[PDB]
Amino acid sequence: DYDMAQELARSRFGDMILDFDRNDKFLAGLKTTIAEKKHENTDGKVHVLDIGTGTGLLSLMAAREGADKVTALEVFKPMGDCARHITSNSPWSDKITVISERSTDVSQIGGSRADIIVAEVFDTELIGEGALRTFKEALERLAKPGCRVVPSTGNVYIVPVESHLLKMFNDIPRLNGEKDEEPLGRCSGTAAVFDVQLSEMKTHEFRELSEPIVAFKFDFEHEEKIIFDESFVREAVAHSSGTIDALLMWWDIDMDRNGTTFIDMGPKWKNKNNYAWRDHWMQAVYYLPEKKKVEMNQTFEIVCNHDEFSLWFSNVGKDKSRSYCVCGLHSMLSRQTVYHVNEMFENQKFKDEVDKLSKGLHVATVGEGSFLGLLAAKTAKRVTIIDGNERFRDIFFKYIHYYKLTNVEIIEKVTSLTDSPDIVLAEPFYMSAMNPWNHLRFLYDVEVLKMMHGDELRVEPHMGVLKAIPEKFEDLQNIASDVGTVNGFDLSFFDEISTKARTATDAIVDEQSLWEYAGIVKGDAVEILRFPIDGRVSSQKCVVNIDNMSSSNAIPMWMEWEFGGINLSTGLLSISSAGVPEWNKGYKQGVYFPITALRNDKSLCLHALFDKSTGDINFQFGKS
């Protein structure tokens, strides 16, 4: 029930259905192939197999383009029903049948096998949703000889780069800035997938060190050319000397095998005539297990690896297989949290405030996976780091040993700090937080600390504030807006059930890495709530009007904290005079997308209750 309704919520895959270029490009591959089979089949009858049919959109496009029979397969049963409803209430009802099975389980589609297979079954890493087996087994079992598939062919490109920015998402943080600081040893990093909108990297934040290299070619029309595990050593020519901080990755697929019509995931700065924004697909960043340097105009090799679902890259003469996180950091922290710690360790203004606040004092740190106490140890007489998570305690233990910070103690519970400290310092940062306001756990550890030592116990930060701002994003809004009619097909049935299963199983406010989404801001940041650092934690409730909404399509929200004399922002860092906001890359911000009833209003009313009882903030948006 709840697992079933949550997955119906995901089923839109953000902007997938509204990806105009995706839709054009599959339409084009179907026109080309249906027209070949129109000529080739002695009777002119063309059987299309659409695998992964979702709403049935592609099947509608096949039948309207003149396929005589379309069979559509959807493994996810509720989307199977959705499709059945949509296609059976359309003019092509008679031509289209929906079977709710995974294509791999089907054994015959009856009576005839397919002339053509269309499948949109790809994610950012191309192969990560099963494409390989889906095609290979559909060709073995479900297709005529010379079956044509849309798309027919695909490539995966990597580009080496030197980038301080990207390094920050991967480096084990270095308390003192030099290498060879190796606090935790050497680590590969995970083979978790790091998806990023590389188009929003500013040109100064990276440098390409070679032309794109073709890591893999796939061919989705020949059974035998689809091999699940492969490794190839690949060659290129540096056009700059530098170090390979990261490997940018993306793919492109050829819709009809003509070398002309493509979905191309190349970033805006490297896809000059086939670039369209989207979110359900993006580009990806991979890291080499060890450092690799490169000089022009030298030849270098990257070893290119994949299994059925996954890609990874290794150096020559190092061993080929997939490398996991061994330091515990890459597997515990999200990418943006690694960036957060590396950024904090390099932030001279932050470090100065921490020294001035700690000097000669016993400091206690609260947080969960917060590294602050390691900085407080420079100047503090004593640091008690309180961290409830065992694995972060083990990490901190390795850092204190490695950097010989003998004035630091690490303990598990706030109620175990029996000596009273001079100051409590926090970011605050708790790894558990899905929202910038979920770091409000802070208020409760403070309540406990003031109950145990007194109410005049010094604590920093001493004020937190929830803020919001109206923004007009260029594109991001389409992850959330209603699908309505698409390619002339009414898909509103999908919106009703998608609405329902989002209403029930989803949060009102989304979470997004806003630095990755271009927009312009339409008003001043506004304060919503303000949190004093008190004896007792109190519920609070407010109602604020957010004007300027008629030219905006979203409301970002974030926390700011007054840490001694400085201000820490988990979201907005500044706004250019042109109105372009800059967002902290070490956190996800909250963004609300005005519900469809509200698309039009020139101002919305924001309601928020911080509920002492849950530690949470509920929002509703409406009225005015």
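Residues carry their position along the shown sequence, with the first being 1.
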Tell me which stretch, 299-307 or 246-254, has the higher mean Cα B-factor listed in the entry.
299-307
Can you tell me whether 615-623 has a higher mean C-alpha B factor than 4-12 in this record, or the other way round?
4-12
Determine which member of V149, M434, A377, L361 has the highest CA B-factor, using the values in the deposited entry.
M434
Out of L357, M549, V285, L514, residue topping the C-alpha B-factor column of the entry:
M549
Entry-reported C-alpha B-factor of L417 relative to its chain, by third, is middle
Once the chain's modelled residues are ordered by C-alpha B factor and cut into thirds, is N567 in the lowest, middle or highest one?
middle
Per the entry's values, where does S100 land by CA temperature factor relative to the rest of its chain, in the lowest, middle or highest third?
middle
Comparing against every modelled residue in the chain, figure out the third that the C-alpha B-factor of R278 lands in (lowest, middle or highest).
lowest
Could you look up the Cα B-factor of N155 in the entry and say which third of the chain it sits in: lowest, middle or highest?
middle
